[PDB]
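Line by line, the protein sequences are chains H and Z.
The first sequence begins at 7 in the numbering used here and counts up one residue at a time.
The second sequence begins at 14 in the numbering used here and counts up one residue at a time.
We put the CB at the ideal spot given by N, CA and C, even for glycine.
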Amino acid sequence: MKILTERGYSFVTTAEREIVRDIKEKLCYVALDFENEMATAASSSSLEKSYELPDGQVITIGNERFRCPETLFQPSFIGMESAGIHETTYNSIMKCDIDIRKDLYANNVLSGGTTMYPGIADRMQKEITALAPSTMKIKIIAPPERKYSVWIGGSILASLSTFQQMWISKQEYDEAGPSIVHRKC
Amino acid sequence: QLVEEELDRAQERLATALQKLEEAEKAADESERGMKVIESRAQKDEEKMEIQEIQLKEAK
Ligand SMILES: Nc1ncnc2c1ncn2[C@@H]1O[C@H](COP(=O)(O)OP(=O)(O)O)[C@@H](O)[C@H]1O
């Protein structure tokens with residue numbers, strides 16, 4: 007919403023925020039190499055696509071398409087101090103015991119909606135490969151339905167027979183108070 | 014006789030005009046049908062083209 011104002015389009019309402027969310031879900035992708043992608047978009051106009059708001063009024067966006075999700079890898083674009091998702095993944099790995107991180111390097115599982123951009127698995131693998139030692143096999147696992155992985159796994163879990171003793175019954179709550187939840191389960 | 018001759022001649026010509034209008038609106042209907050099917054086809058083709066071009070992008 008903030009980066010689209012430099013082309014003239016101004017979305018300020020909450021409804022317009024929903025419109026911009028739809029634009030993001032339809033036109034944005036992750037660039038494998040950000041710098042030369044930027045130079046390419048500057049040179050030609052083959053990256054420009056068009057979107058039609060729900061009153062006519064087509065809008066055309068250029069390098070915004072990949073500048074929007076690039077923030078995941080350079081969170082300094084929005085004034086945050088953290089590191090990109092590739093770097094926090096690598097740090098979380100390197101915070102684990104040296105014997106399991108070879109098997110962690112090869113089972114990076116992606117989940118949730120924000121991991122649905124075209125080309126995010128390739129960029130992620132490139133970055134982690136550049137960070138990790140040159141002997142490990144980096145494998146990014148990105149299922150085609152990863153937007154509902156949490157719900158699917160939750161149904162699998164709640165269906166297990168060995169899980170039917172892990173519920174928090176009403177009686178346990180009546181005994182222990184709301185603090186039952188984290189104190190035991 | 015001028016009154017009644019203008020009357021019935023203009024009336025039958027008005028009938029011909031309304032039939033021409035019905036023909037014109039049916040032409041509008043068929044043209045609109047062609048337009049809608051063709052634009053839907055164009056939409057499908059364009060979205061598939063975009064999928065395939067980005068697939069070549071990732072592949073290469
Ligand atoms: N195809 C897509 N491409 C890019 N982003 C998407 C896509 N689909 C959803 N999103 C983003 O994912 C978010 C919703 O994802 P979701 O996993 O449902 O989050 P939550 O689990 O918190 O509800 C939205 O903010 C939207 O911007």
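Asked, Found
"Residues bridged to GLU58(H) by DSSP?", "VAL64(H)"
"Determine the burial state of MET130(H): buried for a count of at least 16 other Cβ atoms within 10 Å of its Cβ, exposed for fewer.", "buried"
"Closer than 7 Å from C-beta to any heavy atom of ligand 1: which residues, in chain order?", "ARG27(H), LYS30(H), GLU31(H), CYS34(H), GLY118(H), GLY119(H), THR120(H), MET122(H), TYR123(H), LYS153(H) and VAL156(H)"
"What would DSSP say about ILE134(H), mapped onto helix, strand or coil?", "helix"
"Please list, in chain order, all residues of the same chain as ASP128(H) whose beta carbon is under 6 Å from its beta carbon, the five residues on each side excluded.", "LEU38"
"Given that a residue counts as buried once 16 or more other Cβ atoms are within 10 Å of its Cβ, and exposed if not, what is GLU70(H)?", "buried"
"With a threshold of 16 other CB atoms inside 10 Å of the CB of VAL50(Z), please say whether the residue is buried or exposed.", "exposed"
"Going by C-alpha distance, which of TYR111(H), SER88(H), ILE91(H) and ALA89(H) is nearest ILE99(H)?", "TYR111(H)"
"Going by alpha carbons, who is nearest to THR19(H) out of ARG27(H), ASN97(H) and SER88(H)?", "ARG27(H)"
"Give the straight-line distance between the Cα atoms of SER185(H) and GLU58(H), rounded to the nearest whole angstrom.", "51 Å"
"Would you check if the distance between the CB atom of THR135(H) and the CB atom of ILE144(H) is smaller than 8 Å?", "yes"
"Could you tell me whether any Cβ in chain Z is nearer than 8 Å to the Cβ of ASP128(H)?", "yes"
"Between which two residues does the alpha helix (DSSP H) carrying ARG73(H) extend?", "70-73"
"Look at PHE79(H) and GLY90(H) and say whether their C-beta atoms are less than 8 Å apart.", "yes"
"Exposed or buried, which one is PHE169(H) when buried takes at least 16 other CB atoms within 10 Å?", "exposed"
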